[PDB]
Each structure stands twice: as structure tokens, then as C-alpha cells.
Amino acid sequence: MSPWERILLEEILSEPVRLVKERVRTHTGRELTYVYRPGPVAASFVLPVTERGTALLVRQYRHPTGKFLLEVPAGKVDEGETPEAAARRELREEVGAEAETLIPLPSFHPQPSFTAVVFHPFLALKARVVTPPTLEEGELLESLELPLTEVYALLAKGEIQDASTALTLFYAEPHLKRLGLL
């Protein structure tokens, strides 16, 4: 029961990102061209907290912004993979870490005006580094460790620029306080 009717869907690019340009007939009966990254597609974001109340984060180059951003480890959910499995896999690839319990947090659409992608945040407990990272060609980042108090001070000061990381931290906060880690 979509309010907009498909006239024609054109694929603008298939790789490395799929992008479409769709001609639709809108609620006004007129035509409009809408450009977007089609679904279904998802990514998992994971805040890895150690038993010492610290977080394992990454400082990662994000080319579209030209900046290195402080982020929680994250990555695309592969075909047939569950969000939790992608979270654990990306945590191992980007930080070389494993964790015990993963508490799922509220999923969200980072930019629904342009992409169908759903981001799945998780709070990983008893995180620990166990192996060297295995980064993809295209991934330029370094992992670091910060006390949770410092990470949340950065959040309060408005210094966390990556939206997904900021939101994951806000959703994780009550759990961290409940568990006695913050």
C-alpha cells in the first residue's frame, strides 16, 4: 500500500554501492524522480566495553568527510548473515576483539531520505582483544581504548560527530549504568 507508484526503476550503479533512480507517480498524481540506495540492506554497529569499564573504539578515515572520526566498530551485514553475527565479525576484523554477551539496542535508519539501510546497534560486554585486526582494502583505521567516562564526556560535549556512534552511546548508557560499568 505505497503512496507512490513505480513507473520505471533504473539502476545507476551496481558496485561498489547499488544506486537507483526511480520515476514514480506521487500522491499528487504528478511524476517525480527519486534517487536512492535500495533495500534490503543493513549494517551493525557495536560498542565493545571491557570488564575495566573502557571502550574499544576506532579512529577511522571517512573519505566523503575528509576526516578521521571516532566511531564504534561497524560494518555491513553480509548476505544471509544475522545482525549479531555481523557485529561480532566486524568487531574481530576492525579491532581484533571478541566479546561475550551482545545486548541489542534500537535499530535505526541513518538517512531514510536517501537510503533504505537499517543500522543495528549492540552493546558488547567483556570485550577483549585476542588477535590482530584484519582490515579490508579501503578500511583505514586504528583502534584505541578509552575509559567510558571519557567517551561519555566527549558525547556530552558534542564531540562525537558520527551519528551512529553517538546514538549507540545514548542507547547503551542506561544498560552500562545498570550493569555498573558507568
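Start at 1 with the first residue shown and count on from there.
*Asks:* Tell me which stretch, 119 to 127 or 133 to 141, has the higher mean Cα B-factor listed in the entry.
*Replies:* Mean B over CA atoms: larger for 133 to 141.
*Asks:* Select between 42 to 50 and 26 to 34 the stretch whose C-alpha atoms have the higher average B-factor in the entry.
*Replies:* Averaging CA B-factors over each stretch, the winner is 26 to 34.
*Asks:* Would you mind checking which of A163, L9, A172, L19 has the top Cα temperature factor in the PDB entry?
*Replies:* Most elevated C-alpha B-factor of the set, per the entry: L9.
*Asks:* Going by the recorded CA B-factors, say which third of the chain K157 sits in, lowest, middle or highest.
*Replies:* Ranked within chain, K157 CA B lands in the highest tercile.
*Asks:* Please place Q111 in the lowest, middle or highest third of its chain by C-alpha B factor as given in the entry.
*Replies:* Lowest third - that is where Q111 ends up once the chain's C-alpha B-factors are sorted.
*Asks:* By the record's CA B-factor, is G80 among the lowest, middle or highest third of residues in the chain?
*Replies:* It falls in the top third of the chain.
*Asks:* How does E90 rank on Cα B-factor within its chain, lowest, middle or highest third?
*Replies:* Its C-alpha B-factor belongs to the lowest third of this chain's values.
*Asks:* Is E100 in the lowest, middle or highest third of its chain when residues are ranked by C-alpha B-factor?
*Replies:* CA B-factor rank for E100: highest third.
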